[PDB]
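Structure first, then comments.
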Amino acid sequence: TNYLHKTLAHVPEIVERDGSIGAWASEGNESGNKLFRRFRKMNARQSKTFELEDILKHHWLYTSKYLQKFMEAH
DNA sequence: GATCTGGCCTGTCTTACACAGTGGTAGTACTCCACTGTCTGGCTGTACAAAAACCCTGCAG
Ligand SMILES: [Ca+2]
């Protein structure tokens with residue numbers, strides 16, 4: 001199997017090349033698709049010319065350190 | 001084999017059923033900038049009088 005060669009063959013080499021493995025997973029991005037879905041449901045403009053423009057604008061807003069920092073939630 | 005007739009099909013006309021909700025854009029009717037000088041009315045040191053509701057008291061029964 002492919003996964004087996006990967007996990008036996010370069011793991012020490014890669015964690016030497018970088019210093020971790022999970023710290024470069026695409027994992028998080030598959031989560032963020034959830035986000036996209038939700039936005040499309042609720043903050044749509046119902047116009048395919050703009051729908052993406054609006055979605056991207058709201059998304060970017062959602063992913064700024066600034067506004068999250070305002071989200072204290074001690 | 002001619003005839004007939006109820007039941008079936010096509011086409012018809014009529015009453016319903018989703019299409020909100022979301023963002024960008026604009027006109028527009030409603031509201032504070034700075035500058036002002038002035039006045040009323042709450043505040044404050046005690047002393048003075050006026051109401052209120054009870055508690056005792058006293059006379060009356
Ligand atoms: Ca209806």
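Residues are named by chain letter and number: chains run A, B, ... in the order of the structure tokens, numbers start at 1 in each chain, and ligands are numbered from 1 in the order shown.
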
Task: Interface residues on chain A facing chain B, 12 Å, only C-alpha atoms (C1' of nucleotides), written as number ranges by chain - done: A: 39-47, 50-51, 53-55, 57-58

Output of the above residues as a short mmCIF file (atom, residue, chain, number, x, y, z; two decimals), in the first residue's frame, restricted to N, CA, C and O atoms:
```cif
data_model
loop_
_atom_site.label_atom_id
_atom_site.label_comp_id
_atom_site.auth_asym_id
_atom_site.auth_seq_id
_atom_site.Cartn_x
_atom_site.Cartn_y
_atom_site.Cartn_z
N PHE A 39 -22.32 30.35 4.70
CA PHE A 39 -22.42 31.67 4.09
C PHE A 39 -23.38 31.63 2.91
O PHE A 39 -24.32 32.43 2.83
N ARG A 40 -23.18 30.65 2.02
CA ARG A 40 -24.01 30.56 0.83
C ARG A 40 -25.48 30.47 1.20
O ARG A 40 -26.33 31.02 0.50
N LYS A 41 -25.80 29.81 2.32
CA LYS A 41 -27.19 29.67 2.71
C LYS A 41 -27.78 31.01 3.11
O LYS A 41 -28.91 31.35 2.72
N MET A 42 -27.03 31.80 3.87
CA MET A 42 -27.63 32.90 4.60
C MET A 42 -27.27 34.27 4.06
O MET A 42 -28.14 35.14 3.96
N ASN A 43 -26.01 34.50 3.67
CA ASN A 43 -25.60 35.82 3.24
C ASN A 43 -25.49 35.93 1.72
O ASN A 43 -24.67 36.69 1.20
N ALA A 44 -26.34 35.19 1.00
CA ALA A 44 -26.36 35.25 -0.45
C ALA A 44 -26.99 36.56 -0.93
O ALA A 44 -27.77 37.21 -0.22
N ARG A 45 -26.62 36.95 -2.15
CA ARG A 45 -27.30 38.01 -2.89
C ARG A 45 -28.16 37.48 -4.02
O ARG A 45 -28.82 38.27 -4.71
N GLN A 46 -28.15 36.16 -4.25
CA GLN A 46 -29.00 35.51 -5.25
C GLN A 46 -28.63 35.94 -6.67
O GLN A 46 -29.46 35.90 -7.59
N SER A 47 -27.38 36.36 -6.87
CA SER A 47 -26.91 36.79 -8.19
C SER A 47 -25.51 36.21 -8.37
O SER A 47 -24.58 36.60 -7.65
N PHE A 50 -22.41 38.32 -8.28
CA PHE A 50 -21.96 38.89 -7.02
C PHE A 50 -21.85 37.89 -5.88
O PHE A 50 -21.01 38.10 -5.00
N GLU A 51 -22.65 36.83 -5.90
CA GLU A 51 -22.72 35.88 -4.78
C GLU A 51 -21.34 35.55 -4.22
O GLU A 51 -21.11 35.63 -3.01
N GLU A 53 -18.54 37.28 -4.70
CA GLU A 53 -17.90 38.49 -4.19
C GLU A 53 -18.32 38.75 -2.75
O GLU A 53 -17.48 38.98 -1.87
N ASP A 54 -19.62 38.66 -2.50
CA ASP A 54 -20.16 38.84 -1.15
C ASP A 54 -19.63 37.77 -0.20
O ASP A 54 -19.22 38.07 0.93
N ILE A 55 -19.65 36.51 -0.65
CA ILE A 55 -19.20 35.40 0.19
C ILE A 55 -17.75 35.60 0.59
O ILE A 55 -17.37 35.44 1.76
N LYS A 57 -16.06 38.43 0.65
CA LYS A 57 -15.93 39.58 1.54
C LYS A 57 -16.22 39.18 2.98
O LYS A 57 -15.40 39.40 3.89
N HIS A 58 -17.37 38.55 3.19
CA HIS A 58 -17.74 38.11 4.53
C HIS A 58 -16.73 37.11 5.08
O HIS A 58 -16.37 37.16 6.27
#
```

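With a cut-off of 10 Å and using only C-alpha atoms (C1' of nucleotides) and all ligand atoms, the polymer residues contacting ligand 1 are residues 16, 17 and 18 of chain B.
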
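Residue neighbourhood of stretch 21-36 of chain A, excluding near-sequence residues (fewer than 6 positions): residues 11, 14, 15, 52, 55, 56, 58, 59 and 62 of chain A, at 10 Å, using only C-alpha atoms (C1' of nucleotides).
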